[PDB]
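Source file final_19.txt; content: compact mmCIF, N, CA, C and O atoms.
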# COMPACT_ATOMS: atom_id res chain seq x y z
N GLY U 4 57.06 46.58 64.79
CA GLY U 4 57.63 45.77 65.85
C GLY U 4 58.32 46.56 66.97
O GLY U 4 59.21 47.38 66.73
N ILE U 5 57.90 46.33 68.22
CA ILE U 5 58.55 46.96 69.34
C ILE U 5 59.51 45.91 69.91
O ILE U 5 59.17 44.72 70.00
N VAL U 6 60.75 46.31 70.21
CA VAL U 6 61.79 45.49 70.84
C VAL U 6 62.43 46.23 72.00
O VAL U 6 62.53 47.46 72.05
N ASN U 7 62.93 45.40 72.92
CA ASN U 7 63.53 45.83 74.16
C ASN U 7 64.87 46.47 73.92
O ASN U 7 65.64 46.04 73.06
N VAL U 8 65.10 47.55 74.66
CA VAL U 8 66.37 48.25 74.71
C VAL U 8 67.05 47.64 75.94
O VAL U 8 66.46 47.62 77.03
N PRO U 9 68.25 47.04 75.85
CA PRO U 9 68.90 46.48 77.01
C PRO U 9 69.40 47.49 78.07
O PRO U 9 69.45 47.13 79.26
N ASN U 10 69.73 48.77 77.81
CA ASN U 10 70.24 49.60 78.90
C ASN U 10 69.38 50.87 78.97
O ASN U 10 69.86 51.97 78.69
N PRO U 11 68.09 50.75 79.39
CA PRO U 11 67.06 51.74 79.25
C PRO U 11 67.19 52.90 80.22
O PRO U 11 66.59 53.94 79.98
N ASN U 12 67.89 52.80 81.35
CA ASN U 12 68.12 53.98 82.21
C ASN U 12 69.55 54.53 82.00
O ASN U 12 70.25 54.97 82.92
N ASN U 13 70.02 54.52 80.74
CA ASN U 13 71.29 55.12 80.44
C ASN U 13 71.09 56.61 80.33
O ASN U 13 70.00 57.15 80.44
N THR U 14 72.22 57.23 80.05
CA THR U 14 72.38 58.63 79.74
C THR U 14 71.35 59.23 78.76
O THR U 14 70.62 60.15 79.08
N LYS U 15 71.28 58.66 77.55
CA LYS U 15 70.46 59.17 76.45
C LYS U 15 68.96 59.11 76.72
O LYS U 15 68.21 60.01 76.37
N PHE U 16 68.59 58.00 77.36
CA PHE U 16 67.22 57.70 77.68
C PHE U 16 66.61 58.44 78.84
O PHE U 16 65.42 58.71 78.81
N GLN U 17 67.42 58.71 79.87
CA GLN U 17 67.05 59.51 81.01
C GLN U 17 66.83 60.94 80.55
O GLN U 17 65.92 61.59 81.03
N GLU U 18 67.65 61.45 79.60
CA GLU U 18 67.43 62.73 78.91
C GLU U 18 66.24 62.72 77.93
O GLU U 18 65.63 63.75 77.76
N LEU U 19 65.88 61.62 77.24
CA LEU U 19 64.65 61.55 76.45
C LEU U 19 63.41 61.59 77.34
O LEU U 19 62.45 62.29 77.00
N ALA U 20 63.40 60.88 78.50
CA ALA U 20 62.30 60.94 79.45
C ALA U 20 62.21 62.27 80.17
O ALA U 20 61.11 62.79 80.24
N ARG U 21 63.31 62.88 80.64
CA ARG U 21 63.33 64.23 81.23
C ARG U 21 62.79 65.31 80.32
O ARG U 21 62.11 66.20 80.84
N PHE U 22 63.10 65.28 79.00
CA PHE U 22 62.48 66.12 77.97
C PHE U 22 60.95 65.94 77.87
O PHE U 22 60.24 66.92 77.75
N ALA U 23 60.38 64.74 77.81
CA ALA U 23 58.93 64.53 77.82
C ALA U 23 58.24 65.03 79.11
O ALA U 23 57.15 65.59 79.07
N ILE U 24 58.88 64.86 80.28
CA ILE U 24 58.32 65.28 81.54
C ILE U 24 58.33 66.79 81.45
O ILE U 24 57.28 67.36 81.75
N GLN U 25 59.43 67.44 81.05
CA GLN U 25 59.40 68.88 80.81
C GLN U 25 58.38 69.29 79.75
O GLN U 25 57.79 70.36 79.95
N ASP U 26 58.10 68.52 78.66
CA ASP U 26 57.07 68.87 77.67
C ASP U 26 55.71 68.91 78.38
O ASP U 26 54.96 69.87 78.27
N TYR U 27 55.48 67.85 79.17
CA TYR U 27 54.29 67.63 79.94
C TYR U 27 53.99 68.70 80.99
O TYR U 27 52.87 69.21 81.10
N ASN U 28 55.00 69.03 81.81
CA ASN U 28 54.83 70.03 82.85
C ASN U 28 54.52 71.39 82.26
O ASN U 28 53.60 72.04 82.75
N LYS U 29 55.21 71.80 81.18
CA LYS U 29 54.90 73.06 80.49
C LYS U 29 53.48 73.11 79.89
O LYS U 29 52.76 74.10 80.08
N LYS U 30 53.03 72.03 79.19
CA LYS U 30 51.71 71.97 78.55
C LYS U 30 50.53 71.72 79.51
O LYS U 30 49.42 72.14 79.26
N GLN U 31 50.78 71.09 80.68
CA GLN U 31 49.78 70.76 81.67
C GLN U 31 49.82 71.66 82.87
O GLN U 31 48.91 71.58 83.68
N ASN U 32 50.86 72.50 83.03
CA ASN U 32 51.10 73.33 84.21
C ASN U 32 51.17 72.39 85.42
O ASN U 32 50.51 72.56 86.44
N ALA U 33 51.95 71.32 85.26
CA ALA U 33 52.12 70.29 86.27
C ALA U 33 53.52 70.24 86.82
O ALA U 33 54.43 70.88 86.32
N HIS U 34 53.71 69.48 87.90
CA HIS U 34 54.98 69.45 88.60
C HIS U 34 55.61 68.06 88.81
O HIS U 34 56.25 67.78 89.83
N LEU U 35 55.48 67.16 87.82
CA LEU U 35 56.14 65.86 87.87
C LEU U 35 57.67 65.96 87.81
O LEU U 35 58.25 66.83 87.15
N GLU U 36 58.29 65.02 88.56
CA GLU U 36 59.72 64.91 88.64
C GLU U 36 60.22 63.53 88.28
O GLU U 36 59.94 62.57 88.99
N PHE U 37 60.98 63.38 87.19
CA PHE U 37 61.56 62.11 86.81
C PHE U 37 62.53 61.68 87.89
O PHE U 37 63.27 62.50 88.47
N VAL U 38 62.40 60.34 88.09
CA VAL U 38 63.25 59.56 88.99
C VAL U 38 64.09 58.63 88.11
O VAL U 38 65.31 58.80 87.97
N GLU U 39 63.46 57.66 87.43
CA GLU U 39 64.17 56.61 86.70
C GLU U 39 63.35 55.92 85.65
O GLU U 39 62.14 55.76 85.81
N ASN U 40 63.97 55.53 84.53
CA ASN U 40 63.27 54.74 83.54
C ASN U 40 63.31 53.32 84.07
O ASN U 40 64.23 52.91 84.78
N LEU U 41 62.27 52.58 83.68
CA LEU U 41 62.01 51.23 84.13
C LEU U 41 62.15 50.25 82.98
O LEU U 41 62.45 49.09 83.17
N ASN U 42 61.94 50.70 81.76
CA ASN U 42 61.95 49.89 80.55
C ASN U 42 61.93 50.77 79.31
O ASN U 42 61.24 51.80 79.30
N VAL U 43 62.69 50.43 78.26
CA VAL U 43 62.57 51.15 76.99
C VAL U 43 62.46 50.15 75.82
O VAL U 43 63.14 49.13 75.70
N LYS U 44 61.53 50.47 74.93
CA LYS U 44 61.22 49.67 73.78
C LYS U 44 61.22 50.60 72.60
O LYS U 44 61.05 51.81 72.77
N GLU U 45 61.40 50.01 71.42
CA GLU U 45 61.56 50.80 70.24
C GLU U 45 61.06 50.16 68.93
O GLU U 45 61.13 48.96 68.69
N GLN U 46 60.54 51.04 68.08
CA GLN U 46 60.02 50.61 66.79
C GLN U 46 60.67 51.55 65.82
O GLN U 46 60.90 52.73 66.12
N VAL U 47 60.96 51.00 64.65
CA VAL U 47 61.50 51.77 63.54
C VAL U 47 60.26 52.25 62.77
O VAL U 47 59.37 51.48 62.42
N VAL U 48 60.21 53.56 62.58
CA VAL U 48 59.16 54.28 61.90
C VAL U 48 59.92 55.23 60.92
O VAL U 48 60.82 54.77 60.18
N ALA U 49 59.63 56.54 60.80
CA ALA U 49 60.42 57.51 60.05
C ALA U 49 61.31 58.02 61.16
O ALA U 49 61.19 59.13 61.65
N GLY U 50 62.24 57.17 61.55
CA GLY U 50 63.01 57.40 62.74
C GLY U 50 62.65 56.31 63.74
O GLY U 50 62.19 55.21 63.41
N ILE U 51 62.90 56.61 65.01
CA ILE U 51 62.59 55.59 66.00
C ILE U 51 61.48 56.13 66.90
O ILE U 51 61.30 57.34 67.13
N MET U 52 60.65 55.16 67.27
CA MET U 52 59.57 55.36 68.20
C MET U 52 59.88 54.66 69.52
O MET U 52 59.90 53.44 69.60
N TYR U 53 60.12 55.47 70.56
CA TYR U 53 60.40 55.04 71.93
C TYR U 53 59.27 55.11 72.94
O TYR U 53 58.72 56.18 73.22
N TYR U 54 59.00 53.89 73.44
CA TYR U 54 58.08 53.54 74.51
C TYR U 54 58.82 53.30 75.85
O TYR U 54 59.27 52.22 76.25
N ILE U 55 58.90 54.38 76.60
CA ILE U 55 59.64 54.37 77.84
C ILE U 55 58.69 54.26 79.01
O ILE U 55 57.71 54.99 79.08
N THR U 56 58.94 53.36 79.95
CA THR U 56 58.11 53.22 81.13
C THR U 56 59.02 53.69 82.25
O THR U 56 60.15 53.23 82.34
N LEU U 57 58.56 54.68 83.05
CA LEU U 57 59.35 55.35 84.06
C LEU U 57 58.63 55.75 85.33
O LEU U 57 57.41 55.75 85.42
N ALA U 58 59.42 56.08 86.34
CA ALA U 58 58.85 56.51 87.58
C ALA U 58 59.02 58.02 87.70
O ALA U 58 60.10 58.55 87.38
N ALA U 59 57.94 58.75 88.06
CA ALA U 59 58.04 60.18 88.35
C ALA U 59 57.33 60.50 89.66
O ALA U 59 56.43 59.78 90.08
N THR U 60 57.76 61.54 90.39
CA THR U 60 57.05 61.91 91.59
C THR U 60 56.21 63.12 91.32
O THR U 60 56.56 64.06 90.60
N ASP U 61 55.05 63.00 91.94
CA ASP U 61 54.02 64.01 91.89
C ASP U 61 53.85 64.60 93.28
O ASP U 61 53.41 63.99 94.27
N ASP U 62 54.27 65.86 93.18
CA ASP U 62 54.45 66.88 94.21
C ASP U 62 53.51 67.21 95.38
O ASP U 62 53.17 68.29 95.90
N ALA U 63 54.08 66.16 95.91
CA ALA U 63 53.87 65.56 97.20
C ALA U 63 54.98 64.50 97.21
O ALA U 63 55.13 63.80 98.22
N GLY U 64 55.77 64.40 96.10
CA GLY U 64 56.81 63.40 95.98
C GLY U 64 56.20 62.00 96.01
O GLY U 64 56.85 61.06 96.47
N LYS U 65 54.94 61.85 95.55
CA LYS U 65 54.31 60.54 95.48
C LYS U 65 54.70 59.84 94.18
O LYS U 65 54.56 60.40 93.09
N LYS U 66 55.19 58.61 94.23
CA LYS U 66 55.67 58.01 92.99
C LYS U 66 54.57 57.38 92.14
O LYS U 66 53.61 56.78 92.63
N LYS U 67 54.66 57.59 90.83
CA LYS U 67 53.72 57.02 89.88
C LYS U 67 54.50 56.52 88.68
O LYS U 67 55.59 57.05 88.44
N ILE U 68 54.02 55.46 87.99
CA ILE U 68 54.61 54.87 86.78
C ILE U 68 53.88 55.51 85.58
O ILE U 68 52.65 55.50 85.44
N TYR U 69 54.66 56.04 84.66
CA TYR U 69 54.16 56.73 83.49
C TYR U 69 54.77 56.09 82.28
O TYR U 69 55.74 55.36 82.34
N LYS U 70 54.17 56.38 81.14
CA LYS U 70 54.69 55.91 79.88
C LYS U 70 54.56 57.02 78.83
O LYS U 70 53.50 57.61 78.58
N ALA U 71 55.76 57.28 78.29
CA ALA U 71 55.91 58.22 77.20
C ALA U 71 56.32 57.51 75.90
O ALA U 71 56.98 56.47 75.82
N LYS U 72 55.70 58.03 74.84
CA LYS U 72 56.00 57.57 73.50
C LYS U 72 56.55 58.79 72.82
O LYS U 72 55.93 59.84 72.71
N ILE U 73 57.85 58.71 72.53
CA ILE U 73 58.48 59.84 71.89
C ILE U 73 59.15 59.44 70.56
O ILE U 73 59.80 58.41 70.40
N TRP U 74 58.81 60.26 69.57
CA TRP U 74 59.30 60.16 68.22
C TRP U 74 60.52 61.05 68.02
O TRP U 74 60.49 62.27 68.20
N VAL U 75 61.58 60.35 67.62
CA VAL U 75 62.85 61.01 67.42
C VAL U 75 63.61 60.52 66.20
O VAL U 75 63.61 59.38 65.76
N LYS U 76 64.06 61.61 65.58
CA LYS U 76 64.84 61.63 64.38
C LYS U 76 66.09 62.43 64.70
O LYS U 76 66.15 63.66 64.64
N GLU U 77 67.09 61.62 65.05
CA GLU U 77 68.45 61.90 65.52
C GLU U 77 69.21 62.96 64.73
O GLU U 77 69.74 63.95 65.23
N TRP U 78 69.21 62.61 63.45
CA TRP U 78 69.82 63.27 62.31
C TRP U 78 69.30 64.66 62.01
O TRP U 78 70.06 65.49 61.51
N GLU U 79 68.03 64.92 62.31
CA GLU U 79 67.48 66.26 62.17
C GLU U 79 67.15 66.94 63.50
O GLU U 79 66.40 67.93 63.56
N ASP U 80 67.83 66.39 64.54
CA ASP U 80 67.66 66.63 65.98
C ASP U 80 66.21 67.02 66.30
O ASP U 80 65.80 68.14 66.62
N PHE U 81 65.40 65.98 66.07
CA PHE U 81 63.97 66.08 66.22
C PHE U 81 63.49 65.24 67.38
O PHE U 81 63.64 64.01 67.34
N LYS U 82 62.86 65.85 68.39
CA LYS U 82 62.22 65.09 69.46
C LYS U 82 60.74 65.46 69.62
O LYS U 82 60.39 66.64 69.74
N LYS U 83 59.86 64.45 69.62
CA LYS U 83 58.45 64.79 69.75
C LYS U 83 57.68 63.80 70.59
O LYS U 83 57.59 62.62 70.27
N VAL U 84 57.09 64.29 71.68
CA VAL U 84 56.28 63.43 72.54
C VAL U 84 54.97 63.15 71.82
O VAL U 84 54.23 64.09 71.53
N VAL U 85 54.74 61.88 71.45
CA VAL U 85 53.47 61.60 70.81
C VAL U 85 52.48 61.25 71.91
O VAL U 85 51.33 61.62 71.77
N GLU U 86 52.84 60.56 73.00
CA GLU U 86 51.90 60.33 74.11
C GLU U 86 52.57 60.23 75.48
O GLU U 86 53.77 60.00 75.61
N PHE U 87 51.79 60.43 76.52
CA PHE U 87 52.26 60.49 77.90
C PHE U 87 51.05 60.20 78.79
O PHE U 87 50.04 60.92 78.77
N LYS U 88 51.16 59.11 79.57
CA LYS U 88 50.09 58.70 80.46
C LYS U 88 50.58 57.81 81.59
O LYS U 88 51.75 57.44 81.67
N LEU U 89 49.65 57.51 82.49
CA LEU U 89 49.87 56.54 83.53
C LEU U 89 49.65 55.18 82.90
O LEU U 89 48.89 55.06 81.94
N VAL U 90 50.33 54.16 83.42
CA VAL U 90 50.33 52.81 82.87
C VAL U 90 49.19 51.90 83.36
O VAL U 90 48.70 51.13 82.53
This structure in structure tokens:
Amino acid sequence: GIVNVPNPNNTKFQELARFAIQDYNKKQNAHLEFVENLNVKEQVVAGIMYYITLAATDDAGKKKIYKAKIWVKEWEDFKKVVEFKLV
């Protein structure tokens, strides 16, 4: 079950999306820039599974909506981007 996070562009979430954009830019040799999260949803798995929908600029500063699915286990300070794409 995926459920809505009520404060999705908070502190913690903007840092979860900035980490995925940095995972992405390093692995793709790309230059996306996070602007803002638009929505966050979550599923309980072996930890939590976050479906974040966000805006990033592509260098030309052109805005695009992306979606990252990141697996995180708080307790073992584990962050892992399972997917990243355009919506």
Restricting to only C-alpha atoms, whichever of U:63, U:46, U:40, U:70 is closest to residue U:18 is U:40
What are the DSSP strand (DSSP E or B) residues of stretch 6-54 of chain U, as a list in words?
->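 Those in stretch 6-54 of chain U that DSSP calls strand (DSSP E or B) are residues 6, 7, 35, 36, 37, 38, 39, 40, 41, 42, 43, 44, 45, 46, 47, 48, 50, 51, 52, 53 and 54 of chain U.
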Residue U:54 environment, 8 Å, all atoms listed in the file, sequence neighbours closer than 2 positions dropped, as a VMD selection string = chain U and resid 6 to 8 41 to 46 51 to 52 56 to 57 69 to 74 86
Please save N, CA, C and O atoms of the selected residues as a tab-separated table (two decimals), keeping the file's coordinate frame.
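Saved the output as out28.tsv:
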chain	number	residue	atom	x	y	z
U	6	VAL	N	60.75	46.31	70.21
U	6	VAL	CA	61.79	45.49	70.84
U	6	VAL	C	62.43	46.23	72.00
U	6	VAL	O	62.53	47.46	72.05
U	7	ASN	N	62.93	45.40	72.92
U	7	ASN	CA	63.53	45.83	74.16
U	7	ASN	C	64.87	46.47	73.92
U	7	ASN	O	65.64	46.04	73.06
U	8	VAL	N	65.10	47.55	74.66
U	8	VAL	CA	66.37	48.25	74.71
U	8	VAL	C	67.05	47.64	75.94
U	8	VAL	O	66.46	47.62	77.03
U	41	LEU	N	62.27	52.58	83.68
U	41	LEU	CA	62.01	51.23	84.13
U	41	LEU	C	62.15	50.25	82.98
U	41	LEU	O	62.45	49.09	83.17
U	42	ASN	N	61.94	50.70	81.76
U	42	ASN	CA	61.95	49.89	80.55
U	42	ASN	C	61.93	50.77	79.31
U	42	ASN	O	61.24	51.80	79.30
U	43	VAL	N	62.69	50.43	78.26
U	43	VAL	CA	62.57	51.15	76.99
U	43	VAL	C	62.46	50.15	75.82
U	43	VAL	O	63.14	49.13	75.70
U	44	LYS	N	61.53	50.47	74.93
U	44	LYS	CA	61.22	49.67	73.78
U	44	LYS	C	61.22	50.60	72.60
U	44	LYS	O	61.05	51.81	72.77
U	45	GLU	N	61.40	50.01	71.42
U	45	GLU	CA	61.56	50.80	70.24
U	45	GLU	C	61.06	50.16	68.93
U	45	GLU	O	61.13	48.96	68.69
U	46	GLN	N	60.54	51.04	68.08
U	46	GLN	CA	60.02	50.61	66.79
U	46	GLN	C	60.67	51.55	65.82
U	46	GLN	O	60.90	52.73	66.12
U	51	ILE	N	62.90	56.61	65.01
U	51	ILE	CA	62.59	55.59	66.00
U	51	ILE	C	61.48	56.13	66.90
U	51	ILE	O	61.30	57.34	67.13
U	52	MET	N	60.65	55.16	67.27
U	52	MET	CA	59.57	55.36	68.20
U	52	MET	C	59.88	54.66	69.52
U	52	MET	O	59.90	53.44	69.60
U	56	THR	N	58.94	53.36	79.95
U	56	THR	CA	58.11	53.22	81.13
U	56	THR	C	59.02	53.69	82.25
U	56	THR	O	60.15	53.23	82.34
U	57	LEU	N	58.56	54.68	83.05
U	57	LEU	CA	59.35	55.35	84.06
U	57	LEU	C	58.63	55.75	85.33
U	57	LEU	O	57.41	55.75	85.42
U	69	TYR	N	54.66	56.04	84.66
U	69	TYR	CA	54.16	56.73	83.49
U	69	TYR	C	54.77	56.09	82.28
U	69	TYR	O	55.74	55.36	82.34
U	70	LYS	N	54.17	56.38	81.14
U	70	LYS	CA	54.69	55.91	79.88
U	70	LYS	C	54.56	57.02	78.83
U	70	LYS	O	53.50	57.61	78.58
U	71	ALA	N	55.76	57.28	78.29
U	71	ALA	CA	55.91	58.22	77.20
U	71	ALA	C	56.32	57.51	75.90
U	71	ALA	O	56.98	56.47	75.82
U	72	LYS	N	55.70	58.03	74.84
U	72	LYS	CA	56.00	57.57	73.50
U	72	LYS	C	56.55	58.79	72.82
U	72	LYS	O	55.93	59.84	72.71
U	73	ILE	N	57.85	58.71	72.53
U	73	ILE	CA	58.48	59.84	71.89
U	73	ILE	C	59.15	59.44	70.56
U	73	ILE	O	59.80	58.41	70.40
U	74	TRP	N	58.81	60.26	69.57
U	74	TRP	CA	59.30	60.16	68.22
U	74	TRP	C	60.52	61.05	68.02
U	74	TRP	O	60.49	62.27	68.20
U	86	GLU	N	52.84	60.56	73.00
U	86	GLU	CA	51.90	60.33	74.11
U	86	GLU	C	52.57	60.23	75.48
U	86	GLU	O	53.77	60.00	75.61
Counting all atoms listed in the file, the residue of U:32, U:4, U:67, U:49 that sits nearest residue U:90 |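 The closest residue to residue U:90 is U:67.
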Using all atoms listed in the file, which of U:5, U:38, U:33, U:89 sits nearest residue U:17?
->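 Among U:5, U:38, U:33, U:89, it is U:38 that comes nearest to residue U:17.
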Could you pull out all residues of chain U with a DSSP call of helix (DSSP H, G or I) and give them as a PyMOL selection string?
-> chain U and resi 14-31+77-79
Interatomic distance (Å, one decimal) between atom N of residue U:81 and atom C of residue U:50 | 10.3 Å
Long-range neighbours of residue U:60 as an NGL selection string, 7 Å cut-off, only N, CA, C and O atoms, 4 positions minimum in chain | :U and (34-38 or 64-67)
Go through U:16, U:9, U:47, U:53 and flag the residue nearest residue U:87, using only C-alpha atoms for the distances.
->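 Among the listed residues, the smallest separation from residue U:87 belongs to U:53.
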In Å, how far is it from atom N of residue U:13 to atom O of residue U:61?
->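 Separating atom N of residue U:13 from atom O of residue U:61 is a distance of 23.4 Å.
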Can you tell me, as AutoDock Vina command-line options, the centre and edge lengths (Å, one decimal) of the axis-aligned box enclosing all of stretch 67-84 of chain U's listed atoms after padding each side by 4 Å?
--center_x 61.4 --center_y 61.5 --center_z 76.2 --size_x 25.4 --size_y 21.3 --size_z 37.3
Could you check how far atom N of residue U:59 sits from atom C of residue U:80, in Å to one decimal?
->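 Separation of atom N of residue U:59 and atom C of residue U:80: 24.7 Å.
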Could you check which of U:58, U:68, U:21, U:39 is closest to residue U:88, using only N, CA, C and O atoms?
-> U:68
